[PDB]
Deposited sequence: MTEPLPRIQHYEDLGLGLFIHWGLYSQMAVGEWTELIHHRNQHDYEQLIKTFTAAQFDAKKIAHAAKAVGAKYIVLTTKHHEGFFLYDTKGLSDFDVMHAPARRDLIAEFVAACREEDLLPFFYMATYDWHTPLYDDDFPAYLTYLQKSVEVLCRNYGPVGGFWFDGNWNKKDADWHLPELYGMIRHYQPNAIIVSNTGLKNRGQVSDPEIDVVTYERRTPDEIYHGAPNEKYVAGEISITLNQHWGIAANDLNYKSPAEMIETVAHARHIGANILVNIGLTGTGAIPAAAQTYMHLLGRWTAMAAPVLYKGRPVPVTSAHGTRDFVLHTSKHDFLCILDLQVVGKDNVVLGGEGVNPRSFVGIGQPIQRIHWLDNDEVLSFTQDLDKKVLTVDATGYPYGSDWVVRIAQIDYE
């Protein structure tokens, strides 16, 4: 059993990040895979570079919004499958933002804005590339091109929080020369977090984080024992698409979003919440609504969201409650509460609501809700490690979806 390296410990403390999809596809507003899935003429699609003005991209506003939502890092698409680069590739390619009307290195603006807000900037990079003929016609030269594009990101922007490698949809059993790619990154960015969405045996010793599906039930895989500890991360997009998709109406509820964030922490993973920017780089109004709601929850949950860790304490039969541990406190995360009415106005939260947990062995002095500081009544059986709390319902006018009670030990 190994402990995480410092940089990975810092990663796990980040808790929540914002994922941002923005590319030429954003102009179409029919999903980021539009070029392949809608079988578009490549030449015609790539003309979208000519109208890429970034007229409404404001990295400062984006970093401010991330800070307000309680995110501690942002993963930006620096190049997606379409193969267009949002930064100055310094001669590697003409299909980049410096050859577009915007004439701005957007990654430079992004990194500066993240630093001002104390956020870690992370760079998403797609390894499956539809633009360069090298990908199909000269794979070894493709690897050189890929590696050079990452090298620019390693050398021109100062210290980088990390890299988010999307290795899906690739040729099977191809040699990707990961030792050389990740070795290069270690050389110029020793402190960078390397995230892989095909990191599972790990695909390379240098991988720091592996991605997992958001529905994963139990605590995630941290690597083979006595080997390097690897962290985990789940992702959620607000509708069915990652890039903006105007007529995708199938948005998840804000409630499900909050439950997914809580769930990530419960299984010992970070969570990225994704937004797709408009063609010109604005946060769309729908995404703002979700960020405002999530922000209210994460501000309330701040005592536990960053430092809280899974612990072997389970909830009683038939509840979805769980516990997170910090060094000073335990926190009960309680679901399926209702609002409290009054007298003959019954909203469902009114009755005594005993919620039990097994695995707490220390005597407790006080338990209180984070949102209003109400003190809860409880009983313990120290021998069996049972805690039962009366989990009162929400004050009329409020509903937190996931309610957190802080335990103060004697």
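The deposited sequence has C-alpha coordinates everywhere except the stretch 201-204.
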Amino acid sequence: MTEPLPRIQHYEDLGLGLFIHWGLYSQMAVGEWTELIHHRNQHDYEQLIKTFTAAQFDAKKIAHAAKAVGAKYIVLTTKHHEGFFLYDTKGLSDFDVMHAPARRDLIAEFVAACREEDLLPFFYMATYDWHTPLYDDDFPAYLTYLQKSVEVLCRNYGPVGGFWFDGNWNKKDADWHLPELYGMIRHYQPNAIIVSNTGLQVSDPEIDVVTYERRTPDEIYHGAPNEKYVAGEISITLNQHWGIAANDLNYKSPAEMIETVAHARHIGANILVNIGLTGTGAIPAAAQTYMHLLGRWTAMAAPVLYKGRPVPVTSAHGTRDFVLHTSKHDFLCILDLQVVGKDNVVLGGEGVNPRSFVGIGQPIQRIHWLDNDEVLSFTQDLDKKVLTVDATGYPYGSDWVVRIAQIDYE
From here on, numbers count along this sequence of modelled residues.
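If you average the C-alpha B-factors over 243-251 and over 184-192, the higher value belongs to 184-192. Between 169-177 and 272-280, the higher mean Cα B-factor belongs to 169-177.
Highest C-alpha temperature factor among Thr298, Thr77, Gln288, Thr198, as the PDB entry reports it: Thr198.
As recorded in the PDB entry, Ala224 shows the highest C-alpha B-factor of the residues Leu238, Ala224, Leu305, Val209. Annotation for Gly31: CA B-factor lies in the lowest third of the chain's modelled residues. For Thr379, the recorded CA B-factor ranks within the middle third of the chain. Only modelled residues enter the ranking. Sort the modelled residues of the chain by CA B factor and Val340 lands in the middle third. Per-chain ranking of the deposited C-alpha B factor places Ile404 in the lowest third. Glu117 sits in the highest third of its chain by CA B factor, as recorded in the PDB entry.
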